[PDB]
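# Analysis of the macromolecular model
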Amino acid sequence: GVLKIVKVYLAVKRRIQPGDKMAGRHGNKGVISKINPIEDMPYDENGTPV
Amino acid sequence: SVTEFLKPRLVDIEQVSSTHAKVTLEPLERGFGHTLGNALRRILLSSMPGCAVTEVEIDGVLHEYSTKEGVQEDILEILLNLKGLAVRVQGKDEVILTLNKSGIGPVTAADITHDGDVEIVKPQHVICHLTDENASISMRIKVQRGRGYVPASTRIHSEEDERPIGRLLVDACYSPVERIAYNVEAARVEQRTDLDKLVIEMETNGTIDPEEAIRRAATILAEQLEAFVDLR
Amino acid sequence: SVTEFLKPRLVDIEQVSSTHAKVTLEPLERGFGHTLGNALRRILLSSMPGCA
Amino acid sequence: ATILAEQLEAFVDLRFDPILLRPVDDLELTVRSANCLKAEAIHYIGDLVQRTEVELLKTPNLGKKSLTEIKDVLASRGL
Amino acid sequence: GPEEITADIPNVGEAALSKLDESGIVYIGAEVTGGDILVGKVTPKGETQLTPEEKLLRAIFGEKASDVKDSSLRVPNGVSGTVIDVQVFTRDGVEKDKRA
Amino acid sequence: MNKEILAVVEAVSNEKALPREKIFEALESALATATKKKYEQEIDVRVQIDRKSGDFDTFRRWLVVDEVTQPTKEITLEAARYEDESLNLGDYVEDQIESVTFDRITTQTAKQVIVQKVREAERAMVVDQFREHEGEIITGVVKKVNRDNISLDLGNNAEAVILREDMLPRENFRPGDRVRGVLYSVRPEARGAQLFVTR
Amino acid sequence: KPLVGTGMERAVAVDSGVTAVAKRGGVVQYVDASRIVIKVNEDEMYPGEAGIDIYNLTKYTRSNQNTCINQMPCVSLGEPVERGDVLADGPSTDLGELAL
């Protein structure tokens, strides 16, 4: 019955955002709550933020 | 002398390397060395103008998810490498650069045809590798000046004009300051034995002078504090 | 442009009493409010001259 | 606010073309078109740009494509 | 009657057809969003097999709108991305388009 | 190529309203617009299909002036040595050949020019055959009514538009009313309001 | 790569077919993002053949869960290779080690 088929592949670049599910390798899971600014996160003596 | 405050001033710019640097401010009274210093950090990591790559154009490439014959790395890898490129633009806020290369080997940032007003901080920065002798790469790089981080999604939603197929869009990271660390230590002057001095260590990408960054941060802080001074 | 920055416009002053007061600043650049508040709080707490 | 701003007083401290002199062969035009321009008594692009178009084909050894090309590159350069 | 893929689609603007090629398939590497036409398809309806009228009335006020109704595939709402690959499968005995 | 043009010229329902000469001239103009769209420059040209001879060709219109902008249509007032010009102004050439007529822009402009020519020709021969009727009383039936102008139908693809300016301040044509009305003026110059019928 | 691992990542990466593994040892005659052509060694020559083998790495192919599958070349031009070594890393693989 069908004489032609057209297939189109669409690529989407998904970035991280609040609500995405993140977790480690020890069963600890959670959801991103806030994309904090770089200047808001705590920093060590050398000034490198977490 | 409680009514009047001693005026701080810059006393030393210790340039460790092309990127790492240290700035000394003296003198500062009691907790000021913390407070002001903290503000500077919170101004330096978010409100520092800088030049970043916005758009890329490759003659033989029509979308970033494809691959080009003769190059070892992917087109997306090339865009990601170009994202970290640091350049200094003087005179205007919009520069188009041309990169032409042919032959086996890496393609360093020095291969970009400089226009005189635009300077390449890291000529040895790698972009891609041509593993074929008869392989030619021609690329047009668009660089702009701005502040903060502007994702490509913001640009595509703005949709000022339709772009022809083959004009790749990359995320813009205009901030040229990467690390800031402030320290407060004792200062000896006029036997006061109570004033403090502030040492700010800045690790940047090298396109902005640390003294200029400090001046801009102070100007921004004063402009913000002007409204509080007025108080309607 | 690039040098331009947002300035507060809705500076509202509410007088709860002769001493208690609330000041509302609207709007500010993202993160600038924390800097201004912390700096003003520290200056008022540990630097205001006065007789005691 | 006045104290904080005055603490930053010492820190704020803030508030004829080159192608024309080049020979006509630099007009990215064909060599035959360059010879046509030379035969036009115009050896430099300055004379061609300054003067209105004239003798575009009155000179010898003219071809249609070169006749189009000389004026096309003259208009495209916009010197 | 059999449906065919063609660039011409009834009552659509030129902006919608700009993304499509002459054959009737969106160009590879073209950014598309919800509502765009990736491939233009039209199905015969009501009447057909009248080619002189089709040639003569290709843009007259009758426009043979009821003769062929639009069935072009559209991007689902809320889906955005870049086209990276197009595949065409055609049964034997059917003329192959240029994209194939 | 040619067979298509004979097919589209022999399938015209209004052969009286589209004779071969005017429809082929419209096709020439459409192909000129297609060539304008094809090239990045703007050059007005003519085709001269050669209706009864065979295939078609393309020409080039110079429009001799002293300007330099848009070089494709610029020629000096005295450049007439070779190429058989021998004139001061108005010299045209047969230079450009092999113009593609199978493209989106070409097909779109061809069809648009064809339908526009259909409309212009039908207006021309509904204004030519009803121009001598000026000063005489001719009836009609209205079809569309608006706040600025209304439309009337006469017969044989005849449409008239009457404006508020043509209305007298006191006398008006009520919607749905048909009556004999004198033909005050006939204006072939304006495509709209072709038959200025009033009382 | 995982800073803290269990040492089993290499086995999982090699056993899975996501990454390209050199069937025979030799040198990388031609390295490219699309294909890798390797000239095998004289010791491992099969009789009556040219002596080169070509691996065509899959690029940006949709998976079952609508996820991109990308194979990136690992070796460089002129680098000797041996049987069992990883020539191109598959998705979520770094230097022949699985990295999720």
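Use the structure listed above.
Residues numbered from 1 in each chain as written, not as in the entry; some residues may be left out. Chains lettered and ligands numbered in written order. Part of a larger assembly, values for the part shown. Heavy atoms only, no water.

### Topic: the overall build of chain F
To keep it simple, the criterion reads: Every helix listed is a DSSP run of H or I at least four residues long, and every strand listed is a run of E at least two residues long, numbered separately from the N terminus. Computation of the radius of gyration draws on C-alpha atoms, with the globule rule given as 2.2 Å multiplied by the number of residues to the power 0.38. Think of it in three bands: residues with accessible area under 20% of the maximum for their type are buried, residues over 50% are exposed, and the middle band is partly exposed, with areas taken using a 1.4 Å probe on protein chains only.
Assigned secondary structure in chain F consists of three helices and eight strands. Listing each helix as α and each strand as β along chain F from the N terminus yields α-α-β-β-α-β-β-β-β-β-β. Computed over C-alpha atoms, the radius of gyration of chain F comes to 23 Å, more than 25% over the 16 Å expected from 2.2 N^0.38 for 199 residues, which places it beyond the range of a compact globule. If one aligns the C-alpha atoms of chain F with their principal axes, the spans along those axes are about 70 × 40 × 30 Å. Counting all 199 residues of chain F, 41% fall into the buried class.

### Some points on the side chain of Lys 64 of chain E
Residue and element names in this part refer to chain E. Short version of the rule: As used throughout, the charge tally considers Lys and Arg to be positive and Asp and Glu to be negative, leaving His and the chain termini uncounted. Each reported salt bridge corresponds to a side-chain nitrogen of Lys or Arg within 4 Å of a carboxyl oxygen of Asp or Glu. Residue contacts follow a heavy-atom distance rule, with two residues in contact if any of their heavy atoms lie within 4.5 Å.
Mapped onto the elements of the fold, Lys 64 is located in the loop between α2 (51-56) and β5 (68-70). Lacking a salt bridge, the buried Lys 64 has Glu 53 as its closest oppositely charged neighbour, with an N-O distance of 5.7 Å. Contact partners of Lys 64, with chain neighbours within four places excluded, come to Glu 53, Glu 54, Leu 57 and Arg 58.

### Points about the sheet that holds strand β2 (residues 26-31) of chain G
The criterion, for reference: Strands pair, by our definition, only if DSSP identifies at least two bridges between them.
On the basis of which strands lie adjacent, the open sheet formed by four strands has the order β4-β3-β2-β8 (chain G) and antiparallel pairing. Sheet topology places β4 (52-56) and β8 (80-81) of chain G at the edges, where each strand pairs with a single neighbour.

### Here's the deal with the sheet that holds strand β4 (residues 41-44) of chain E
Residues and elements named next belong to chain E. Read across the open sheet, the three strands follow the order β1-β4-β5; overall the sheet is antiparallel. Either end of the sheet is taken by a strand with one partner, and the two such strands are β1 (4-5) and β5. In this sheet, β4 lies alongside β1 in antiparallel orientation, the contact comprising two bridges. If you follow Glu 4 over to β4, its bridge partner there is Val 42.

### Observations concerning the state of the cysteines
By definition, a disulfide links two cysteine residues through a covalent bond between their sulfur atoms. Here is the rule we go by: A pair of sulfur atoms, both from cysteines and within 2.5 Å, is called a disulfide here.
Per the counting criterion, the structure on display carries zero disulfides over all chains. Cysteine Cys 128 of chain B is unpaired, with the sulfur of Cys 74 of chain G as its nearest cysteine sulfur at 18 Å. Looking at the unpaired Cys 74 of chain G, the closest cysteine sulfur is the one in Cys 68 of chain G, lying at 18 Å. Residue classification places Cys 74 of chain G among the partly exposed residues on the basis of a relative accessible area of 28%.

### Some thoughts on the pattern of salt bridges
Inspection of every chain in the model, using the stated rule, returns 37 salt bridges over all chains. Two residues, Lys 117 of chain F and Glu 25 of chain F, come together in a salt bridge whose shortest N-O distance is 2.3 Å. Taken as a pair, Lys 117 of chain F in helix α3 (residues 104-127) and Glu 25 of chain F in helix α2 (residues 20-38) lie far apart in primary sequence, 92 residues in all. Judged by its relative accessible area of 38%, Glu 25 of chain F falls in the partly exposed class. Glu 171 of chain F serves as the salt-bridge partner of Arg 199 of chain F, at 2.8 Å between the closest nitrogen and oxygen. Linking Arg 199 of chain F in the segment after β8 (195-197) with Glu 171 of chain F in the loop between β6 (159-163) and β7 (181-186), this pair joins segments that are 28 residues apart in sequence. Shared partners join several salt bridges into a network, and the residues in it are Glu 57, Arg 140 and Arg 167 of chain B.

### Considering unusual backbone geometry
Of note, the amide linkage connecting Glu 26 of chain B to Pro 27 of chain B takes the cis form, showing an omega dihedral of -5 degrees. Positionally, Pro 27 of chain B belongs in strand β2 (residues 20-29). In the segment running from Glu 26 of chain C into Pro 27 of chain C, the intervening peptide bond is cis, with an omega of -5 degrees. As for its position among the elements, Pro 27 of chain C is in the loop between β2 (22-24) and α1 (32-46). A positive phi is found at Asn 61 of chain D, a non-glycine position, where the angle reads about 45 degrees. Within the secondary structure, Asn 61 of chain D is located in the loop between α5 (45-50) and α6 (64-77). On the accessibility criterion, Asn 61 of chain D (52% relative accessible area) is exposed. In this model, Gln 48 of chain F sits at a positive phi of 60 degrees, which is unusual for a non-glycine residue. On the secondary structure map, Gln 48 of chain F appears in the loop between α2 and β1 (60-61).

### Focus on the interface of chain C and chain B
The cut-off we apply is this: When two parts are brought into contact, each loses some accessible area as probed by a 1.4 Å sphere; the total of that loss over both is the buried area. Any pair of nitrogen or oxygen atoms within 3.5 Å is treated as a polar contact; in protein, a donor-acceptor pairing is required on top of that, and neighbouring residues in sequence qualify only through side-chain atoms on both sides. For this classification, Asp, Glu, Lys and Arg are treated as charged, while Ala, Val, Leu, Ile, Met, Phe, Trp, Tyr, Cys and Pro are nonpolar and the rest, including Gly, are polar.
With 24 residues of chain C in contact, the opposing surface of chain B contributes 24 residues. When chain C packs against chain B, the two sides together hide about 2200 Å² of surface, and 66% of this comes from carbon and sulfur. For chain C, the biggest contributors to the area lost against chain B are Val 2, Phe 5 and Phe 32 of chain C; these three give 26% of the whole. Applying the counting criterion to the chain C and chain B interface returns one salt bridge. Between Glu 226 of chain B and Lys 7 of chain C there is a salt bridge, with its nearest N and O atoms 3.6 Å apart. Counting the contacts that link chain C with chain B gives eight residue pairs in polar contact. Residue composition of the side of chain C that touches chain B, grouped by class: 14 nonpolar, six polar and four charged.

### So, the arrangement of the chains
Over all C-alpha pairs, chain B and chain F never come within contact, reaching a minimum spacing of 16 Å. The two units chain F and chain G remain apart, with a minimum C-alpha distance of 32 Å.

### A closer look at the side chain of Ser 47 of chain B
Structurally, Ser 47 of chain B can be placed in the loop between α1 (32-44) and β3 (50-58). A distance of 3.3 Å separates a polar atom in the side chain of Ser 47 of chain B from a polar atom in the side chain of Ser 46 of chain B. Beyond its immediate sequence surroundings of up to four residues, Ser 47 of chain B is in contact with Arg 147 and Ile 220 of chain B together with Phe 5 and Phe 32 of chain C.

### What about a negative patch on the surface?
Going by this rule: Residues forming no salt bridge and having over 30% relative accessible area are the ones grouped into patches, like charges within 9 Å of each other and nonpolar side chains (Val, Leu, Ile, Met, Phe, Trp, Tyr) within 5 Å. Note on areas: Shrake-Rupley with a 1.4 Å probe; residue coverage comes only from the protein chains shown. Where a charge lies is defined by one atom per residue type: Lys uses NZ, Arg uses CZ, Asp uses CG and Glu uses CD.
A cluster of acidic residues, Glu 159, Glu 160, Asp 161 and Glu 162 of chain B together with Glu 31 of chain E, forms a negative patch on the protein surface. With respect to the helices, strands and loops of the structure, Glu 159 of chain B is situated in the loop between α3 (152-158) and β11 (167-169). Note on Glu 159 of chain B: relative accessible area 54%, which makes it exposed.

### Quick notes on the packing of aromatic side chains
Note the cut-off: Stacked, edge-to-face and tilted labels apply to pairs of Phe, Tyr and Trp rings (six-membered ring for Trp) whose centres lie within 6.5 Å, assigned for plane angles under 30 degrees, over 60, and everything in between, in that order.
Per the stated rule, a full pass over the model turns up three aromatic pairs over all chains. Seen in terms of ring centroids, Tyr 65 of chain B and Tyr 60 of chain G are 6.1 Å apart; in terms of plane orientation they differ by 70 degrees. Their pairing is edge-to-face. Note that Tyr 65 of chain B is positioned in the loop between β3 and α2 (75-83) and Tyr 60 of chain G in strand β5 (residues 59-62), a pairing that runs across two chains. Accessibility expressed as a relative area gives 10% for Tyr 65 of chain B, which makes it buried. On the accessibility criterion, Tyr 60 of chain G (14% relative accessible area) is buried. Measuring from ring centre to ring centre gives 5.6 Å for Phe 5 of chain C and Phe 32 of chain C, while their planes differ by 45 degrees; the resulting arrangement is tilted.

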